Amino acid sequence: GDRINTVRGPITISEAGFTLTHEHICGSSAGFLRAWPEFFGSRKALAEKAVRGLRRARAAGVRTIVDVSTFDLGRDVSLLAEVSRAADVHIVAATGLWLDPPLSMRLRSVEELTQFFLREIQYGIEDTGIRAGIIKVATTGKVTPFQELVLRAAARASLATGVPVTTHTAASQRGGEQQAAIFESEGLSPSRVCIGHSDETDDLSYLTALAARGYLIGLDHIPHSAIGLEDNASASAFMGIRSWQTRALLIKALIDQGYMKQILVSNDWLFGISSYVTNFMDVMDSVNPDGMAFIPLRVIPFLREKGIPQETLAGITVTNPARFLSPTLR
C-alpha cells in the first residue's frame, strides 16, 4: 500500500526519505542487553551514543534506517523506539533469524517459524505493539537444513504480508545463488528480496546475474574495509584487504550495467556490539569514525566525482528503499 511500519508507528512512503537499508543500533544476543547492560557501560550510555550517532546521520541527510537486528541478534525494539524519538530518525524493525538461534528456535519447524515471523509482522514484537517491516535471514555459504527452514518461513511470511526479505550472505562463496533458488522454489518474487553484504566480492558477473533476475543487491559493507590489520586475528577474518573505493565502484559498475534500480547501499554499522570480542566497538569506531554517516559523507561524494548524476544517487538512496520497503504482493 502506501504505509511502512516503524518503531514509532506507520509512516507514508514519502516520509522515509534518504534510507539506510542495512544497519543496527546494537549487535547482541537475545536477552543480553537486559541481563548485562553494563557490558555496554550502561543502557543509558548505549542509548545516548546511539542518539548522537543517529543525529549525526540525520545531519548528513539520513531520514530512516532499517535495523536488521533479529531476535537472536538481541534486538530490543523498546531501545529502538527510544533512540528513534530522541534523534528524530525513523527506524524500521526486523523479524527473522540471524546466525545465532537459540535451542528454542533451532528445534522449530518451518511452519512454526512462519508463525513467529508473522506474529512479529502482524501483531507486534514482544508486548510492545511495534511491528516488523522487514524479514532478515542469514546463511553460511552452503545453506544448512535449519537455515533452509528459516528462508522458507521468511518467504511464506513475506508472501502473506508483502514485507520484504533481506539477507546476510558470504558473497565470496556466491551465497545469494542458493538463497535465490530457495526463495524461488517458494514462489517469492525476487523484487521482494535484498541479497546483502554483496560488496564482499569482486565477482561482478555474480552480482549482475542476480540483478538481472530482479534481486536487490545490498552493497552494505563499504566501510568494513579495515586497512592494515592482517595480523589481528579479529580484524583479518572480520573485514579484509579491499579498499572502500574498490567496494564503492561496484555501485558504479551496476549502474553502468543498467541496474541502478536494483541497488541498495548501507553501512552495517552499530553503536554497541557484544556478539564478538570485547571492545570490538572501539576497533570499529577507530577505523570508521563516520559510522553510519560514512555512506552519505564519503560514498555519495565519491560517486559524484566519478560522474554519477544526482538523480541516480537519489534514486538509489531514496526511491529504491521506498519501493523495497512498501509492502506489496505484486
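Start at 1 with the first residue shown and count on from there.
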- Note on the structure: Avg C-alpha B-factor, entry values, 214 to 222 vs 197 to 205, higher side is 197 to 205
- Query: Out of 255 to 263 and 159 to 167, which stretch has the higher average CA B-factor listed in the record?
  - Reply: 255 to 263
- Query: Between 68, 30, 59, 277, which one tops the list for C-alpha B-factor in the PDB entry?
  - Reply: 277
- Note on the structure: The largest CA temperature factor among 115, 179, 232, 147 is found at 232
- In terms of the CA temperature factor given in the entry, to which third of its chain does residue 123 belong: lowest, middle or highest? middle
- Query: Lowest, middle or highest third of the chain for the C-alpha temperature factor of residue 47?
  - Reply: middle
- On the chain's distribution of Cα B-factors, residue 97 falls within the third called lowest
- Task: Would you check the entry's CA temperature factor for residue 301 and let me know if it's in the chain's lowest, middle or highest third?
- Result: highest
- Grab the CA temperature factor for residue 186 from the record and place it in the lowest, middle or highest third of its chain. middle
